[PDB]
Trainee: 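Starting off with a structure, shown below.
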Amino acid sequence: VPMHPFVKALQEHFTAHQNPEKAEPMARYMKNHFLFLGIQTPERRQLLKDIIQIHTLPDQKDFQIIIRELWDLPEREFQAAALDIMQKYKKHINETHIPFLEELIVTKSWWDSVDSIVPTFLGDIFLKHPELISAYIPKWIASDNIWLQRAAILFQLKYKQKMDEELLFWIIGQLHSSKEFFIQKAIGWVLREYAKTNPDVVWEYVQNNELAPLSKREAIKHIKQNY
DNA sequence: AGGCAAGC
DNA sequence: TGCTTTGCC
Ligand SMILES: COc1cc2[nH]c(C(=O)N3C[C@@H](Cn4cnc(N)c5ncnc4-5)c4c3cc(O)c3[nH]c(C(=O)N5CCc6c5c(O)c(OC)c5[nH]c(C(=O)SC)cc65)cc43)cc2cc1O
Ligand SMILES: [Ca+2]
């Protein structure tokens with residue numbers, strides 16, 4: 001049972017605003033891996049805002065406590081809310097929190113939580129601490145955990161001109177022979193996105209290095225008409 | 001406001 | 001495959 005007063009307040013307020021008619025299709029969309037209360041993103045964020053306006057944002061010493069307690073609640077909106085909360089503490093998040101973020105990635109894993117952790121929170125940490133990438137990314141690739149592998153692929157997704165091209169291509173080469181949908185698809189996504197910034201090097205990469213056909217097709221869907 | 005981004 | 005609905009930017 002959650003014990004932090006902020007989490008208890010949030011749980012009560014979310015539960016009081018549940019919508020069972022939305023809960024069923026929301027849970028089906030995530031392959032019924034999770035129960036849902038039936039609260040979509042606009043309403044979920046406003047309910048969190050209500051609780052912050054009443055109680056104020058808890059002290060930064062508590063932010064991991066709060067996120068952990070929310071992660072253990074059954075309904076999926078509590079994990080989505082915990083990530084909204086983590087965004088409000090981002091000035092206090094640094095390299096010492098990478099293991100905490102790893103834990104969140106591999107606990108109650110699915111594409112919604114993992115994608116909300118990786119390009120923003122890990123992306124920002126490794127921009128400030130790029131000399132720490134080698135302590136994590138190769139480990140994640142070798143772990144055979146598909147969500148840490150997707151993290152290795154997508155932490156640079158929002159980098160645009162900051163992208164470390166040789167690193168991106170090494171990561172992708174290490175994972176290109178994965179059978180896994182969420183890995184093949186992440187490779188396609190990150191290549192398509194980076195092609196918005198540096199289309200010529202993505203084209204050269206895709207024409208000279210092996211990729212699953214899903215990955216290759218997705219990578220080039222916007223630039224192929226230029227060649 | 002609208003374009004671009006899993007499910008089946 | 002290319003349409004769905006909702007979410008991110
Ligand atoms: C950094 O850069 C980016 C990060 C990004 N994150 C997301 C994202 O996180 N997405 C996009 C979008 C999921 N999504 C939707 N449409 C598409 N066409 C998509 N293509 C891919 N994903 C897609 C989505 C999430 C996350 C979620 O946690 C989501 N949850 C739902 C959802 O819950 N859905 C979608 C389908 C659906 C619901 C839902 O609530 C419902 O509740 C009623 C639904 N009812 C029905 C029906 O009765 S139809 C017969 C369908 C239905 C959508 C959804 C997009 C995105 C974009 C970026 O550039
Ligand atoms: Ca698609």
Side-chain angles (χ1 to χ4, degrees), chain A residues 14 17-49 70 75-90 93 101 104-127 145-163 168 172 175 178-199 202-203 206 211-226:
Chain A
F14 277 26
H17 293 82
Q18 63 185 119
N19 185 350
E21 300 305 308
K22 284 186 188 179
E24 177 172 1
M26 285 183 77
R28 180 175 174 85
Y29 183 62
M30 302 304 185
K31 302 299 300 203
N32 291 110
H33 286 305
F34 318 105
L35 301 177
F36 274 77
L37 290 176
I39 307 172
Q40 290 169 318
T41 299
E43 293 65 49
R44 196 193 69 237
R45 281 185 181 142
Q46 187 52 51
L47 294 172
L48 169 61
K49 184 174 182 179
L70 290 168
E75 296 82 8
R76 189 53 162 180
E77 294 99 334
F78 290 118
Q79 287 92 70
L83 293 184
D84 290 328
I85 288 166
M86 202 164 64
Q87 187 272 329
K88 293 182 173 292
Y89 290 102
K90 72 201 274 193
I93 296 168
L101 299 177
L104 300 183
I105 285 166
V106 300
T107 304
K108 294 189 172 186
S109 312
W110 201 233
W111 58 267
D112 58 321
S113 53
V114 173
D115 294 351
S116 289
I117 294 158
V118 167
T120 54
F121 298 99
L122 285 170
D124 287 347
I125 291 169
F126 287 133
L127 281 175
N145 179 286
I146 61 174
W147 303 107
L148 294 169
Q149 296 177 329
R150 180 167 173 119
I153 293 160
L154 294 180
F155 80 97
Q156 299 193 94
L157 178 68
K158 299 179 69 172
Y159 278 15
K160 298 184 170 54
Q161 71 285 347
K162 299 169 181 173
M163 182 67 79
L168 180 70
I172 287 174
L175 289 163
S178 174
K179 71 190 186 298
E180 295 285 345
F181 173 85
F182 286 113
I183 300 303
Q184 294 184 8
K185 191 64 184 291
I187 293 173
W189 187 10
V190 80
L191 287 174
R192 195 202 311 113
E193 188 70 16
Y194 184 46
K196 299 176 182 179
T197 296
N198 208 351
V202 171
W203 187 256
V206 166
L211 289 176
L214 171 71
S215 306
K216 176 171 182 183
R217 185 190 77 236
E218 289 292 343
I220 67 178
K221 76 196 296 184
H222 298 316
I223 66 171
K224 60 191 177 77
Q225 78 290 348
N226 297 329

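All values below were derived from every heavy atom in this structure, side-chain atoms included, with hydrogens, water molecules and symmetry-related copies excluded. In what follows, every chain begins at residue 1, and chains take the letters A, B, ... in the order their sequences are listed.
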Trainee: Tell me whether A:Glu21 at atom CD has more than 12 heavy atoms from other residues, nucleotides or ligands lying less than 6.0 Å away.
Mentor: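 No, the 6.0 Å shell around CD holds no more than 12 heavy atoms from other groups.
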Trainee: Please state how far atom OH in A:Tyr29 lies from atom P in C:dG7, giving the value in whole angstrom units.
Mentor: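 Going from OH in A:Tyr29 over to P in C:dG7 covers 9 Å.
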Trainee: Counting side-chain heavy atoms from CB outward, which of C:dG7, B:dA6, B:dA5 is closest to A:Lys196?
Mentor: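 Nucleotide nearest to A:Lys196's side chain: B:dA5.
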Trainee: Could you give the CG-to-P distance, from A:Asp115 to C:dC9, as a whole number of Å?
Mentor: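 After rounding, the reported distance stands at 11 Å.
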Trainee: Which whole-number value in Å describes the distance from A:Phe36 CZ to C:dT5 P?
Mentor: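 It works out to 18 Å between those atoms.
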Trainee: Taking the minimum atom-to-atom distance to the side chain of A:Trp111, which one of C:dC8, B:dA5, B:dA6 wins?
Mentor: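 The closest nucleotide is B:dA6.
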Trainee: Would you please confirm or rule out a distance under 4.0 Å between OP1 or OP2 of B:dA6 and any side-chain N or O of A:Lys31?
Mentor: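 Checking A:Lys31 against B:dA6: no side-chain N or O falls below 4.0 Å of OP1 or OP2.
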Trainee: Using ring centroids (six-membered ring only for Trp), state whether A:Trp189 and A:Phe182 fall under 6.0 Å.
Mentor: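 Between A:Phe182 and A:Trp189, the centre distance exceeds or equals 6.0 Å.
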Trainee: In whole angstrom, what separates A:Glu24's CD from C:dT5's P?
Mentor: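 After rounding, the reported distance stands at 18 Å.
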Trainee: Taking only the side-chain heavy atoms of A:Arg28 (C-beta and beyond), determine which of B:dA6, B:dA5, B:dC8 contains the nearest atom.
Mentor: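 For A:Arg28, the side-chain atoms sit closest to B:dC8.
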Trainee: Using 30° and 60° as the class limits, which term best fits the ring planes of A:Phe155 and A:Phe126: parallel, tilted or perpendicular?
Mentor: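 Aromatic pair A:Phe155/A:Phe126 classed perpendicular.
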Trainee: Please confirm whether the backbone N or O of A:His222 pairs with a side-chain atom of A:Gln225, one donor and one acceptor, at under 3.5 Å?
Mentor: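 Here the side-chain-to-backbone pair exists.
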Trainee: With respect to the side chain of A:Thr41, which nucleotide from C:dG7, C:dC9, B:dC4 is positioned closest?
Mentor: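 So the side chain of A:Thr41 is nearest to C:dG7.
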Trainee: Looking at every strand, decide which applies to A:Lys221 at a 4.0 Å heavy-atom threshold: base, sugar-phosphate, or nothing.
Mentor: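 The answer is nothing, as A:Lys221 stays clear of every strand by at least 4.0 Å.
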Trainee: Can you name the closest pair of heavy atoms from A:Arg150 and A:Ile183 and give their distance?
Mentor: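 Heavy atoms only, the tightest pair is N-CD1, 3.6 Å.
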Trainee: For the pair made of CG in A:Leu157 and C1' in C:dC9, what is the distance, rounded to whole Å?
Mentor: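 It works out to 12 Å between those atoms.
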Trainee: Check the orientation of A:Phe14 and A:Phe78. Use parallel for under 30°, tilted for 30 to 60°, and perpendicular for over 60°.
Mentor: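 Rings of A:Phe14 and A:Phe78: parallel, under 30°.
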Trainee: Side chain of A:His222 only, heavy atoms from C-beta on: which candidate in B:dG7, C:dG7, B:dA5 is closest?
Mentor: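 From the listed options, B:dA5 comes nearest.
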Trainee: With a 3.5 angstrom cut-off on both distances, give the Watson-Crick or G-U wobble partner of B:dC4, or none if there isn't one.
Mentor: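 C:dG7 is the nucleotide pairing with B:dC4.
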Trainee: Which nucleotide, B:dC4, B:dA6, C:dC9, lies nearest any side-chain atom of A:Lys158?
Mentor: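 Closest nucleotide among those given: C:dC9.
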Trainee: Could you give the CE-to-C1' distance, from A:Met30 to B:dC8, as a whole number of Å?
Mentor: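 From A:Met30 CE to B:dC8 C1': 15 Å.
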Trainee: Would one find a side-chain N or O of A:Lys185 under 4.0 angstrom from OP1 or OP2 of B:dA6?
Mentor: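 Yes, such a contact exists.
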Trainee: Mind calculating the distance between CH2 (A:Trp147) and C1' (B:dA6) to the nearest angstrom?
Mentor: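 Going from CH2 in A:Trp147 over to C1' in B:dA6 covers 10 Å.
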Trainee: Of the options B:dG7, B:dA5, C:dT6, whose atoms approach the side-chain atoms of A:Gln40 most closely?
Mentor: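 Among B:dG7, B:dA5, C:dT6, the one nearest the side chain of A:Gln40 is C:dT6.
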Trainee: Would you mind classifying the nucleic acid contact of A:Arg192 as base, sugar-phosphate or nothing, using non-hydrogen atoms under 4.0 angstrom?
Mentor: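 Counting heavy atoms under 4.0 Å across all strands, the contact made by A:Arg192 is with sugar-phosphate only.
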Trainee: Just call it for A:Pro25: base, sugar-phosphate, or nothing, with non-hydrogen atoms closer than 4.0 Å on any strand.
Mentor: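 Here A:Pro25 touches no strand at all.
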Trainee: Could you tell me the separation between the CG atom of A:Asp112 and the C1' atom of B:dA5, rounded to a whole number of Å?
Mentor: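 Rounded to the whole Å, the gap is 14 Å.
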Trainee: Reckon A:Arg45 touches a base, only the sugar-phosphate, or nothing at all at heavy-atom distances under 4.0 Å?
Mentor: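 It contacts sugar-phosphate atoms only.
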